[PDB]
Amino acid sequence: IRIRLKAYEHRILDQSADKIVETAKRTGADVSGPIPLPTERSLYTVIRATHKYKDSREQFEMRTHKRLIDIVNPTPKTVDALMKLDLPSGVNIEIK
Amino acid sequence: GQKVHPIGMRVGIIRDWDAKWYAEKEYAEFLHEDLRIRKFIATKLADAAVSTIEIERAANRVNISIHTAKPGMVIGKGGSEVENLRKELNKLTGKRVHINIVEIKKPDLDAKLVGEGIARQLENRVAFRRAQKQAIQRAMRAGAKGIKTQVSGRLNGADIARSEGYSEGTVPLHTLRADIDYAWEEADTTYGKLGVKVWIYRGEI
Amino acid sequence: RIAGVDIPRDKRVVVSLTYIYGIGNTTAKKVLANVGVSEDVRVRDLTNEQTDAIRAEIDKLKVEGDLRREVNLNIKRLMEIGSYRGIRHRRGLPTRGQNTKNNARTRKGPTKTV
Amino acid sequence: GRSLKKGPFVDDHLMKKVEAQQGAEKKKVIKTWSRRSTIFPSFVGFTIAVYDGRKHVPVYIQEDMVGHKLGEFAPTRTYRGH
Amino acid sequence: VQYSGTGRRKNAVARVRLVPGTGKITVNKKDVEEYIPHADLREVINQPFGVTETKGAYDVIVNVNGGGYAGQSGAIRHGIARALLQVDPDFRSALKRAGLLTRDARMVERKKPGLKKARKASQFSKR
Amino acid sequence: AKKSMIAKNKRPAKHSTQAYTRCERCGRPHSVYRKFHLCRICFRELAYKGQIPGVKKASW
Amino acid sequence: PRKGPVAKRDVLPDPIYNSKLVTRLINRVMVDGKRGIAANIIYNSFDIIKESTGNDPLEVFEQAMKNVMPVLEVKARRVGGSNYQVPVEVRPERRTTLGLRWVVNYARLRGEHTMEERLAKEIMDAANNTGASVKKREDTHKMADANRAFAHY
RNA sequence: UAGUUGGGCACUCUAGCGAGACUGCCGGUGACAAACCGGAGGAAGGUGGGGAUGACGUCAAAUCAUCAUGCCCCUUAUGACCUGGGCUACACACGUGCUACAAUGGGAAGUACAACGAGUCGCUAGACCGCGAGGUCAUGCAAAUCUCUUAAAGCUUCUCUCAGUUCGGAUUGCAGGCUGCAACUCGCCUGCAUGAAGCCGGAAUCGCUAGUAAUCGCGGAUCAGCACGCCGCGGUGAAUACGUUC
Ligand SMILES: [K+]
Ligand SMILES: [K+]
Ligand SMILES: [K+]
Ligand SMILES: [K+]
Ligand SMILES: [K+]
Ligand SMILES: [K+]
Ligand SMILES: [K+]
Ligand SMILES: [K+]
Ligand SMILES: [K+]
Ligand SMILES: [K+]
Ligand SMILES: [K+]
Ligand SMILES: [Mg+2]
Ligand SMILES: [Mg+2]
Ligand SMILES: [Mg+2]
Ligand SMILES: [Mg+2]
Ligand SMILES: [Mg+2]
Ligand SMILES: [Mg+2]
Ligand SMILES: [Mg+2]
Ligand SMILES: [Mg+2]
Ligand SMILES: [Mg+2]
Ligand SMILES: [Mg+2]
Ligand SMILES: [Mg+2]
Ligand SMILES: [Mg+2]
Ligand SMILES: [Zn+2]
């Protein structure tokens, strides 16, 4: 089984990743990771003023930190355990 | 010279997003849904001392944490008010909405609440100096390490607009670790808009 | 010489051909490929027979006064029918959509400081 | 230019009007706002009043004019000089 | 037995491996002269051997990528110095006095908003 | 003519190309980010407020 | 600057002639950071020098530098309502800089088709104590001598 | 055939946690201070480089056209709908750029090295068609997996021989590819043809102190289509700073 986790804050992402690994390992399944993936970054530059003044800019960035988890020899209990384990709303989780 | 927004400067350093959810294909739709929800909630609970709306999304659900200094007024008797609000929000959003009220202990230390109070008094034609002075008094007694307030416009209906402010303690806007709340409110008077800006520096992080 | 135009002598054959009106560098390469003559040789070094073969290709082609008459006929056609392009040609202004507020010197001519 | 597979372009209303007048001994002026319409042999021999932004300028079609847009024969803006 | 090292210069990263030999240098499965066709850059790569008096003693295999040829040459030089450190700690003093151990941190300065380049500013007309 | 323009933009377009994007918050036609469906002004305002998830002041 | 003299960045010796001076020459002749073209031109010019003259091109180039490098320059000074030149001895750093600058500029102005040919011709003439570069040095010394009355400044 | 397959993560890399740089240590000067100069060590030394950060205020500076707003004004009209046109005009003046005037170059062939980012009806492999723009079939990828994307300067050969040219690429004619309902006003791009001014620029004036200037490409937002602009990325990569009179 493959679990891809994405979040805007690496701190909560690591918390959720540790929870996933802990529950899987407790269930007895083999776990590889967590594996950091190259964080995506996007940049948006906007004129600071509301009229003219092109030279004065401001730049905002959105970062998506991503973690990869691999479960091997997953026991039947692990599937329900991982589906029951609920992450914070700020973390996006994908399975297989 | 212009100054960065105090909250925007610290978002991602020590302040966290109020919209605590993640989405890729639904990002724009969720953002506009949040904006409509926030606007509707402000209009509906204007009288209630609402400060912060934290929105979370879990599949079709929407969890809305509303901070208030009048939780009883917001909740209503037997939760009637919150239940009616959930029905209205469900209609507006088209999906299940869980609502959680939060008590704003020490309301005097909330920038938006202090600014709203000052704006209400100005609309009632209180002396701007006295309004700001009493706001600072209450904030300091609440225990703010510092506070700063500013009112700008046609003070006392004067033809030439100007800005008058007050402060006490410490408001190190350039200190990034400093936990400084900020808010801007508008008081509508017979002569137009007056802008009320409040900075409240609490214990740093 | 070839089409009534005395192409340069020492230059290489492709370039000397380009000196003919109505023939660009790509066209010169194509005609030399058809005639089988190498492109590196100078026209002075070209033999009489190679020159005659080149002449046949060029005559098969449309160049010089023939091409000039054709293009002038097209431009005259526009001007007579009174197209927007025809009026542009008549008034010496850019015909391909350029802006005339600045630049446009190529069509307009030398600047008149008045 | 206009891709070959697409064929020409001519506004259906304008094309319909010219086709209706085809079976005519003497042609009547056709008032159009369709600058985009391409000229056709059917258009030949007619008088078309093309809108130029403020009024319908008449234009007499001919086999030389064919293959162009109507709007090109109706100048938009007037520039006499300085 | 092989002696490893890592070198970095601009965006270039070079994994260097020294093995005792004749001084042959191969980069990414191609000879040094092929990979770096600039004599100055080849001399730059060989600087560590000059300072350490180990000319021809060791052959080099470098897996390098990122950046251009000049940056990769600097990375190869840095990795070679590090590999020499592994070979003999006593070379550290000579290498340091040559500055080969120092990691050249001169990176491409970021473009600034309102400026055409890192520092170039738009042409300014007073009136 | 802001309200009329906003209503017209909301209505379905007559042709595909006619469709254009406005800042759904203020209706500004120019400089509307598809990712956020906001003008630069509203985007900067809400980003400061921290109501746009993930976005924060950039610096490097 | 106002603060004081600043550090001077160093130059490594030339790969084949093992001379910092040749590296500086490559830098001067370089354009748009095209150091490869610059170095090739310098080496071609040195080959031409060795061919047309049996002497070592490095020695010939050093001879040209000795002939072209000035000794006394003139620095303009505004004295009240009158501005005039003042003689000044040239520090060795600026001496080499001016020598290289003059050589490259006059070489680029030469009439030979290729830059390396122009550079080789200019270098050989300068070594022989003739040409535009030597003329520039003579004019600089002449100006300094003419304004020698102001040496006290 | 390929890092492919097996196998391993050691190296690189990715990204969390840490270490480190603090005048911390040493010599000298200094009013026993602050501090300054030098040295060691170290990847980095004195703010290491860069960004974000912009005090009280100033110019009734800019914005009632982002938004909001007191007052004044119009209310079958200064409101609203539609097609078309204009914002793209053009004797002229100015600003900002792009390309050039060439041999440190143009052209032909071969060969090498990046980074930042974007991708669902979107990025598109591969093949075939077309001289080309592109078209057809079709492949993988919601992506460190596939793609855009073998980057250009560079390097090696061959040719050009100082020529308003094999420099230049405007203008123009023709013939076409796309997007779109639609390319005349008024899109971009391609092929053929044509081949303008321009021979390094008066008074004057601009940017820049190092991975900087210069120069070479690449991605991106806006976006059906359309940048020499803007934002960002990396490649190559200099000269000079005596000094504070002006
Ligand atoms: K125009
Ligand atoms: K202009
Ligand atoms: K838009
Ligand atoms: K690490
Ligand atoms: K307004
Ligand atoms: K108003
Ligand atoms: K101007
Ligand atoms: K431009
Ligand atoms: K060449
Ligand atoms: K058009
Ligand atoms: K585009
Ligand atoms: Mg600008
Ligand atoms: Mg010709
Ligand atoms: Mg145009
Ligand atoms: Mg750069
Ligand atoms: Mg549009
Ligand atoms: Mg600071
Ligand atoms: Mg004004
Ligand atoms: Mg109004
Ligand atoms: Mg209209
Ligand atoms: Mg305009
Ligand atoms: Mg010339
Ligand atoms: Mg500086
Ligand atoms: Zn907006």
# chains A, B, ... in the order shown; residues from 1 in each chain; ligands from 1

call {"tool": "select_by_dssp", "arguments": {"residues": "chain A", "states": "strand (DSSP E or B)", "output": "MDAnalysis selection string"}}
result
chainID A and resid 2:7 30:47 57:72 91:95

call {"tool": "select_by_dssp", "arguments": {"residues": "chain A", "states": "alpha helix (DSSP H)", "output": "list in words"}}
result
residues 10, 11, 12, 13, 14, 15, 16, 17, 18, 19, 20, 21, 22, 23, 24, 25, 26, 27, 76, 77, 78, 79, 80, 81, 82, 83 and 84 of chain A

call {"tool": "write_last_selection", "arguments": {"atoms": "N, CA, C and O atoms", "output": "compact mmCIF listing (two decimals), in the first residue's frame"}}
result
# COMPACT_ATOMS: atom_id res chain seq x y z
N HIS A 10 4.85 21.69 7.24
CA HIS A 10 5.58 20.45 7.44
C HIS A 10 5.43 19.92 8.86
O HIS A 10 5.53 18.70 9.07
N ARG A 11 5.19 20.79 9.83
CA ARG A 11 5.07 20.34 11.21
C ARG A 11 3.88 19.39 11.38
O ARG A 11 4.04 18.27 11.88
N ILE A 12 2.69 19.82 10.95
CA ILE A 12 1.53 18.94 11.06
C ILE A 12 1.67 17.74 10.14
O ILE A 12 1.21 16.64 10.47
N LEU A 13 2.31 17.92 8.99
CA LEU A 13 2.53 16.79 8.08
C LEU A 13 3.35 15.70 8.77
O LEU A 13 3.01 14.51 8.68
N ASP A 14 4.42 16.09 9.46
CA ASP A 14 5.22 15.10 10.17
C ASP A 14 4.43 14.44 11.29
O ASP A 14 4.55 13.23 11.52
N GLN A 15 3.61 15.22 12.00
CA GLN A 15 2.76 14.64 13.04
C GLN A 15 1.87 13.55 12.46
O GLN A 15 1.80 12.43 12.98
N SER A 16 1.18 13.86 11.35
CA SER A 16 0.28 12.89 10.74
C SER A 16 1.05 11.69 10.21
O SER A 16 0.59 10.55 10.33
N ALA A 17 2.22 11.92 9.61
CA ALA A 17 3.03 10.82 9.11
C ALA A 17 3.46 9.89 10.23
O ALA A 17 3.43 8.67 10.09
N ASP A 18 3.86 10.46 11.37
CA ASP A 18 4.24 9.63 12.51
C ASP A 18 3.05 8.81 13.00
O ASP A 18 3.21 7.63 13.34
N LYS A 19 1.86 9.40 13.03
CA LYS A 19 0.68 8.65 13.44
C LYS A 19 0.43 7.47 12.51
O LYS A 19 0.14 6.36 12.97
N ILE A 20 0.54 7.69 11.20
CA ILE A 20 0.31 6.60 10.25
C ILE A 20 1.33 5.49 10.48
O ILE A 20 0.98 4.30 10.54
N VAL A 21 2.60 5.86 10.61
CA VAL A 21 3.65 4.86 10.82
C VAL A 21 3.42 4.11 12.13
O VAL A 21 3.56 2.88 12.19
N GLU A 22 3.07 4.84 13.19
CA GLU A 22 2.85 4.21 14.48
C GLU A 22 1.72 3.19 14.42
O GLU A 22 1.86 2.06 14.90
N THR A 23 0.58 3.57 13.83
CA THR A 23 -0.54 2.64 13.79
C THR A 23 -0.21 1.42 12.94
O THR A 23 -0.54 0.29 13.32
N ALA A 24 0.45 1.61 11.80
CA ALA A 24 0.81 0.48 10.96
C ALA A 24 1.77 -0.45 11.70
O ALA A 24 1.56 -1.67 11.76
N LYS A 25 2.83 0.12 12.28
CA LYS A 25 3.82 -0.70 12.97
C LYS A 25 3.19 -1.43 14.16
O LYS A 25 3.48 -2.60 14.40
N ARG A 26 2.32 -0.74 14.90
CA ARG A 26 1.61 -1.39 16.00
C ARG A 26 0.77 -2.55 15.49
O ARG A 26 0.76 -3.63 16.09
N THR A 27 0.06 -2.35 14.37
CA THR A 27 -0.67 -3.45 13.75
C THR A 27 0.26 -4.56 13.27
O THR A 27 -0.21 -5.68 13.04
N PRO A 76 -4.73 -7.72 7.28
CA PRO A 76 -6.11 -7.26 7.05
C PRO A 76 -6.55 -6.17 8.01
O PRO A 76 -7.33 -5.29 7.63
N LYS A 77 -6.06 -6.20 9.25
CA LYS A 77 -6.43 -5.16 10.22
C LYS A 77 -5.88 -3.80 9.81
O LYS A 77 -6.47 -2.77 10.16
N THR A 78 -4.76 -3.77 9.09
CA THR A 78 -4.10 -2.49 8.81
C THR A 78 -4.97 -1.61 7.92
O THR A 78 -5.00 -0.38 8.11
N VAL A 79 -5.68 -2.20 6.96
CA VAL A 79 -6.50 -1.40 6.05
C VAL A 79 -7.54 -0.60 6.84
O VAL A 79 -7.67 0.62 6.68
N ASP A 80 -8.30 -1.28 7.69
CA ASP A 80 -9.30 -0.58 8.49
C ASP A 80 -8.65 0.39 9.47
O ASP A 80 -9.15 1.49 9.68
N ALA A 81 -7.53 -0.01 10.07
CA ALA A 81 -6.85 0.86 11.02
C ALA A 81 -6.41 2.16 10.36
O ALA A 81 -6.61 3.25 10.91
N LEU A 82 -5.81 2.07 9.18
CA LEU A 82 -5.37 3.27 8.47
C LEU A 82 -6.55 4.11 8.01
O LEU A 82 -6.50 5.34 8.04
N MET A 83 -7.64 3.46 7.57
CA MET A 83 -8.82 4.21 7.18
C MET A 83 -9.51 4.85 8.38
O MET A 83 -10.13 5.91 8.24
N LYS A 84 -9.43 4.22 9.55
CA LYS A 84 -10.02 4.82 10.74
C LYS A 84 -9.17 5.96 11.28
O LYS A 84 -9.71 6.98 11.72

call {"tool": "atom_distance", "arguments": {"atom1": "atom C1' of residue H:94", "atom2": "atom CA of residue E:127"}}
result
9.1 Å

call {"tool": "interface_residues", "arguments": {"of": "chain C", "to": "chain H", "cutoff": "10 Å", "atoms": "only C-alpha atoms (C1' of nucleotides)", "output": "mmCIF file with N, CA and C atoms, in the first residue's frame"}}
result
data_model
loop_
_atom_site.group_PDB
_atom_site.id
_atom_site.type_symbol
_atom_site.label_atom_id
_atom_site.label_comp_id
_atom_site.auth_asym_id
_atom_site.auth_seq_id
_atom_site.Cartn_x
_atom_site.Cartn_y
_atom_site.Cartn_z
ATOM 1 N N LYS C 11 32.347 35.682 -56.581
ATOM 2 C CA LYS C 11 31.491 35.091 -55.564
ATOM 3 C C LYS C 11 31.153 33.644 -55.913
ATOM 4 N N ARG C 12 30.755 32.890 -54.891
ATOM 5 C CA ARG C 12 30.301 31.525 -55.100
ATOM 6 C C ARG C 12 28.968 31.520 -55.845
ATOM 7 N N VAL C 14 26.040 30.098 -55.593
ATOM 8 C CA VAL C 14 24.767 30.313 -54.906
ATOM 9 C C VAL C 14 24.558 31.796 -54.632
ATOM 10 N N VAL C 15 25.594 32.467 -54.134
ATOM 11 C CA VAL C 15 25.465 33.875 -53.782
ATOM 12 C C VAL C 15 25.292 34.726 -55.032
ATOM 13 N N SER C 16 26.061 34.432 -56.081
ATOM 14 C CA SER C 16 25.926 35.172 -57.329
ATOM 15 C C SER C 16 24.524 35.024 -57.904
ATOM 16 N N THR C 18 21.790 34.552 -56.066
ATOM 17 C CA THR C 18 20.943 35.396 -55.228
ATOM 18 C C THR C 18 20.958 36.846 -55.691
ATOM 19 N N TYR C 21 17.370 39.248 -59.251
ATOM 20 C CA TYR C 21 16.096 39.607 -58.653
ATOM 21 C C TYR C 21 15.122 38.439 -58.742
ATOM 22 N N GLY C 22 14.279 38.314 -57.720
ATOM 23 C CA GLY C 22 13.300 37.250 -57.674
ATOM 24 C C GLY C 22 13.828 35.910 -57.217
ATOM 25 N N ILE C 23 15.091 35.831 -56.804
ATOM 26 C CA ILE C 23 15.712 34.577 -56.396
ATOM 27 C C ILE C 23 16.394 34.799 -55.057
ATOM 28 N N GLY C 24 15.959 34.058 -54.037
ATOM 29 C CA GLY C 24 16.597 34.075 -52.742
ATOM 30 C C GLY C 24 17.596 32.936 -52.587
ATOM 31 N N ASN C 25 18.179 32.865 -51.390
ATOM 32 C CA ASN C 25 19.206 31.864 -51.138
ATOM 33 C C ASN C 25 18.640 30.453 -51.239
ATOM 34 N N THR C 26 17.441 30.235 -50.696
ATOM 35 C CA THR C 26 16.826 28.915 -50.780
ATOM 36 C C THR C 26 16.560 28.520 -52.228
ATOM 37 N N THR C 27 16.034 29.450 -53.027
ATOM 38 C CA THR C 27 15.774 29.162 -54.434
ATOM 39 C C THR C 27 17.064 28.866 -55.188
ATOM 40 N N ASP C 40 29.717 25.381 -54.257
ATOM 41 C CA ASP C 40 30.908 26.071 -53.776
ATOM 42 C C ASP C 40 31.658 26.776 -54.900
ATOM 43 N N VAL C 63 11.227 35.674 -62.854
ATOM 44 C CA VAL C 63 12.129 36.612 -62.194
ATOM 45 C C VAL C 63 12.173 37.920 -62.977
ATOM 46 N N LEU C 67 8.556 39.331 -62.747
ATOM 47 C CA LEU C 67 8.110 39.361 -61.358
ATOM 48 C C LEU C 67 7.763 40.778 -60.925
ATOM 49 N N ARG C 68 8.566 41.761 -61.343
ATOM 50 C CA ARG C 68 8.287 43.144 -60.977
ATOM 51 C C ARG C 68 6.947 43.601 -61.535
ATOM 52 N N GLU C 70 4.413 41.656 -62.159
ATOM 53 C CA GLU C 70 3.371 40.945 -61.424
ATOM 54 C C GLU C 70 3.084 41.615 -60.087
ATOM 55 N N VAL C 71 4.131 41.925 -59.321
ATOM 56 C CA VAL C 71 3.918 42.532 -58.011
ATOM 57 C C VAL C 71 3.307 43.918 -58.163
ATOM 58 N N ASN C 72 3.790 44.698 -59.130
ATOM 59 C CA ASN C 72 3.200 46.009 -59.377
ATOM 60 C C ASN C 72 1.737 45.880 -59.776
ATOM 61 N N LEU C 73 1.405 44.848 -60.552
ATOM 62 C CA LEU C 73 0.010 44.631 -60.917
ATOM 63 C C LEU C 73 -0.837 44.344 -59.686
ATOM 64 N N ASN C 74 -0.328 43.520 -58.768
ATOM 65 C CA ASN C 74 -1.075 43.242 -57.546
ATOM 66 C C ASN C 74 -1.299 44.523 -56.755
ATOM 67 N N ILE C 75 -0.242 45.318 -56.581
ATOM 68 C CA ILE C 75 -0.364 46.552 -55.810
ATOM 69 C C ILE C 75 -1.307 47.514 -56.518
ATOM 70 N N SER C 83 -9.170 49.274 -51.950
ATOM 71 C CA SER C 83 -9.085 48.565 -50.686
ATOM 72 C C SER C 83 -8.456 49.450 -49.616
ATOM 73 N N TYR C 84 -8.635 49.044 -48.358
ATOM 74 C CA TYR C 84 -7.870 49.660 -47.281
ATOM 75 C C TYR C 84 -6.377 49.545 -47.549
ATOM 76 N N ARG C 85 -5.930 48.371 -47.996
ATOM 77 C CA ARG C 85 -4.523 48.200 -48.344
ATOM 78 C C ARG C 85 -4.135 49.095 -49.511
ATOM 79 N N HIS C 89 -1.178 51.819 -49.547
ATOM 80 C CA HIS C 89 -0.131 51.952 -50.553
ATOM 81 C C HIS C 89 -0.117 53.360 -51.131
ATOM 82 N N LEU C 93 1.688 54.451 -46.088
ATOM 83 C CA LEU C 93 1.588 54.093 -44.684
ATOM 84 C C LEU C 93 1.654 52.581 -44.523
ATOM 85 N N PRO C 94 2.033 52.093 -43.345
ATOM 86 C CA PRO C 94 2.108 50.642 -43.140
ATOM 87 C C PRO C 94 0.800 49.955 -43.495
ATOM 88 N N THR C 95 0.905 48.883 -44.277
ATOM 89 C CA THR C 95 -0.256 48.146 -44.756
ATOM 90 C C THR C 95 -0.547 46.894 -43.940
ATOM 91 N N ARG C 96 0.418 46.413 -43.160
ATOM 92 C CA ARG C 96 0.309 45.139 -42.468
ATOM 93 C C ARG C 96 -0.176 45.289 -41.031
ATOM 94 N N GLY C 97 -0.695 46.458 -40.663
ATOM 95 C CA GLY C 97 -1.313 46.656 -39.368
ATOM 96 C C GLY C 97 -0.464 47.366 -38.338
ATOM 97 N N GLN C 98 0.777 47.714 -38.664
ATOM 98 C CA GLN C 98 1.637 48.373 -37.694
ATOM 99 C C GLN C 98 0.982 49.656 -37.189
ATOM 100 N N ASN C 99 1.475 50.142 -36.053
ATOM 101 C CA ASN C 99 1.035 51.420 -35.511
ATOM 102 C C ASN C 99 1.842 52.553 -36.130
ATOM 103 N N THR C 100 1.150 53.631 -36.488
ATOM 104 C CA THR C 100 1.776 54.775 -37.135
ATOM 105 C C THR C 100 2.047 55.929 -36.182
ATOM 106 N N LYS C 101 1.670 55.807 -34.908
ATOM 107 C CA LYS C 101 1.945 56.883 -33.964
ATOM 108 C C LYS C 101 3.442 57.109 -33.821
ATOM 109 N N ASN C 102 4.212 56.032 -33.744
ATOM 110 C CA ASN C 102 5.666 56.071 -33.772
ATOM 111 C C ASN C 102 6.163 55.215 -34.931
ATOM 112 N N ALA C 104 7.174 53.596 -38.249
ATOM 113 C CA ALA C 104 6.594 53.768 -39.578
ATOM 114 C C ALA C 104 7.507 54.543 -40.516
ATOM 115 N N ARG C 105 8.776 54.724 -40.148
ATOM 116 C CA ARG C 105 9.685 55.500 -40.982
ATOM 117 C C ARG C 105 9.955 54.814 -42.314
ATOM 118 N N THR C 106 9.980 53.481 -42.333
ATOM 119 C CA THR C 106 10.253 52.768 -43.576
ATOM 120 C C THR C 106 9.262 53.163 -44.664
ATOM 121 N N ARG C 107 7.968 53.144 -44.345
ATOM 122 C CA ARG C 107 6.966 53.551 -45.324
ATOM 123 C C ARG C 107 6.933 55.065 -45.490
ATOM 124 N N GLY C 109 9.111 57.566 -44.919
ATOM 125 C CA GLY C 109 10.255 58.256 -45.461
ATOM 126 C C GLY C 109 11.004 59.010 -44.382
ATOM 127 N N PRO C 110 11.910 59.901 -44.782
ATOM 128 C CA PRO C 110 12.672 60.663 -43.786
ATOM 129 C C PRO C 110 11.761 61.547 -42.949
ATOM 130 N N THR C 111 12.148 61.732 -41.689
ATOM 131 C CA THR C 111 11.330 62.494 -40.758
ATOM 132 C C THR C 111 11.276 63.963 -41.162
ATOM 133 N N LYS C 112 10.101 64.566 -41.005
ATOM 134 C CA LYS C 112 9.896 65.992 -41.237
ATOM 135 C C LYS C 112 9.644 66.643 -39.883
ATOM 136 N N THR C 113 10.629 67.397 -39.392
ATOM 137 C CA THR C 113 10.586 67.869 -38.013
ATOM 138 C C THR C 113 9.427 68.824 -37.757
ATOM 139 N N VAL C 114 8.826 69.381 -38.803
ATOM 140 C CA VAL C 114 7.706 70.304 -38.650
ATOM 141 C C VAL C 114 6.661 69.729 -37.701
#

call {"tool": "closest_atom_pairs", "arguments": {"of": "chain E", "to": "ligand 15", "cutoff": "10 Å", "atoms": "only C-alpha atoms and all ligand atoms", "output": "Markdown table"}}
result
| residue | atom | partner | partner_atom_place_in_ligand_line | distance |
| --- | --- | --- | --- | --- |
| E:108 | CA | ligand 15 | 1 (Mg) | 6.7 |
| E:109 | CA | ligand 15 | 1 (Mg) | 8.0 |
| E:110 | CA | ligand 15 | 1 (Mg) | 8.5 |
| E:111 | CA | ligand 15 | 1 (Mg) | 8.2 |
| E:117 | CA | ligand 15 | 1 (Mg) | 7.3 |
| E:118 | CA | ligand 15 | 1 (Mg) | 7.9 |

call {"tool": "atom_distance", "arguments": {"atom1": "atom CA of residue G:32", "atom2": "atom CA of residue G:48"}}
result
25.1 Å

call {"tool": "residues_around", "arguments": {"residues": "stretch 46-57 of chain A", "least_positions_apart": "3", "cutoff": "7 Å", "atoms": "only C-alpha atoms (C1' of nucleotides)", "output": "list in words"}}
result
residues 113 and 114 of chain E; 40 and 41 of chain F; 63 and 66 of chain H

call {"tool": "write_last_selection", "arguments": {"atoms": "N, CA, C and O atoms (P, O5', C5', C4', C3', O3' and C1' of nucleotides)", "output": "PDB file, in the first residue's frame"}}
result
ATOM      1  N   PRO E 113      12.751  42.437  -7.585  1.00  0.00           N
ATOM      2  CA  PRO E 113      11.615  43.078  -8.258  1.00  0.00           C
ATOM      3  C   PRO E 113      11.874  44.561  -8.462  1.00  0.00           C
ATOM      4  O   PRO E 113      12.459  45.233  -7.611  1.00  0.00           O
ATOM      5  N   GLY E 114      11.430  45.068  -9.609  1.00  0.00           N
ATOM      6  CA  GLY E 114      11.706  46.435  -9.981  1.00  0.00           C
ATOM      7  C   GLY E 114      13.078  46.656 -10.574  1.00  0.00           C
ATOM      8  O   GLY E 114      13.391  47.785 -10.970  1.00  0.00           O
TER       9      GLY E 114
ATOM     10  N   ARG F  40      -5.546  41.000  -7.874  1.00  0.00           N
ATOM     11  CA  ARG F  40      -4.338  41.147  -7.072  1.00  0.00           C
ATOM     12  C   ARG F  40      -4.631  41.889  -5.775  1.00  0.00           C
ATOM     13  O   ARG F  40      -4.074  41.556  -4.722  1.00  0.00           O
ATOM     14  N   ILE F  41      -5.500  42.900  -5.825  1.00  0.00           N
ATOM     15  CA  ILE F  41      -5.781  43.689  -4.627  1.00  0.00           C
ATOM     16  C   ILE F  41      -6.448  42.826  -3.565  1.00  0.00           C
ATOM     17  O   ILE F  41      -6.008  42.783  -2.409  1.00  0.00           O
TER      18      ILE F  41
ATOM     19  P     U H  63      -5.285  61.097  -8.384  1.00  0.00           P
ATOM     20  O5'   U H  63      -6.206  59.818  -8.161  1.00  0.00           O
ATOM     21  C5'   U H  63      -6.140  58.710  -9.044  1.00  0.00           C
ATOM     22  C4'   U H  63      -6.385  57.407  -8.325  1.00  0.00           C
ATOM     23  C3'   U H  63      -7.738  57.266  -7.649  1.00  0.00           C
ATOM     24  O3'   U H  63      -8.753  56.861  -8.552  1.00  0.00           O
ATOM     25  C1'   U H  63      -6.007  56.504  -6.200  1.00  0.00           C
ATOM     26  P     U H  66      -9.461  52.515  -8.457  1.00  0.00           P
ATOM     27  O5'   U H  66     -10.080  51.070  -8.216  1.00  0.00           O
ATOM     28  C5'   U H  66     -10.362  50.209  -9.308  1.00  0.00           C
ATOM     29  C4'   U H  66     -10.784  48.842  -8.834  1.00  0.00           C
ATOM     30  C3'   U H  66     -11.975  48.806  -7.887  1.00  0.00           C
ATOM     31  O3'   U H  66     -13.220  48.862  -8.559  1.00  0.00           O
ATOM     32  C1'   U H  66     -10.229  47.509  -6.986  1.00  0.00           C
TER      33        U H  66
END

call {"tool": "interface_residues", "arguments": {"of": "chain A", "to": "chain H", "cutoff": "6 Å", "atoms": "only C-alpha atoms (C1' of nucleotides)", "output": "ChimeraX atom specification"}}
result
/A:36-38,51

call {"tool": "interface_residues", "arguments": {"of": "chain A", "to": "chain F", "cutoff": "7 Å", "atoms": "only C-alpha atoms", "output": "list in words"}}
result
residues 8, 46, 50, 59, 60, 61, 62 and 63 of chain A

call {"tool": "write_last_selection", "arguments": {"atoms": "N, CA and C atoms", "output": "short mmCIF file (atom, residue, chain, number, x, y, z; two decimals), in the first residue's frame"}}
result
data_model
loop_
_atom_site.label_atom_id
_atom_site.label_comp_id
_atom_site.auth_asym_id
_atom_site.auth_seq_id
_atom_site.Cartn_x
_atom_site.Cartn_y
_atom_site.Cartn_z
N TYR A 8 0.39 22.13 3.75
CA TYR A 8 1.06 23.42 3.67
C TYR A 8 2.03 23.67 4.82
N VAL A 46 2.53 40.53 -7.04
CA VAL A 46 1.42 41.45 -7.22
C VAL A 46 1.91 42.86 -6.94
N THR A 50 -2.62 49.91 -5.33
CA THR A 50 -3.85 49.69 -6.07
C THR A 50 -3.92 50.49 -7.36
N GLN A 59 5.63 39.67 -3.02
CA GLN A 59 5.68 38.29 -3.50
C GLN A 59 5.19 37.35 -2.42
N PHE A 60 4.22 36.50 -2.77
CA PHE A 60 3.71 35.48 -1.88
C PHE A 60 4.00 34.11 -2.47
N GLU A 61 4.22 33.14 -1.59
CA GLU A 61 4.57 31.78 -1.99
C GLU A 61 3.67 30.78 -1.29
N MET A 62 3.24 29.77 -2.04
CA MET A 62 2.51 28.63 -1.50
C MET A 62 3.41 27.41 -1.59
N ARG A 63 3.66 26.77 -0.46
CA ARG A 63 4.50 25.59 -0.39
C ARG A 63 3.64 24.38 -0.04
#
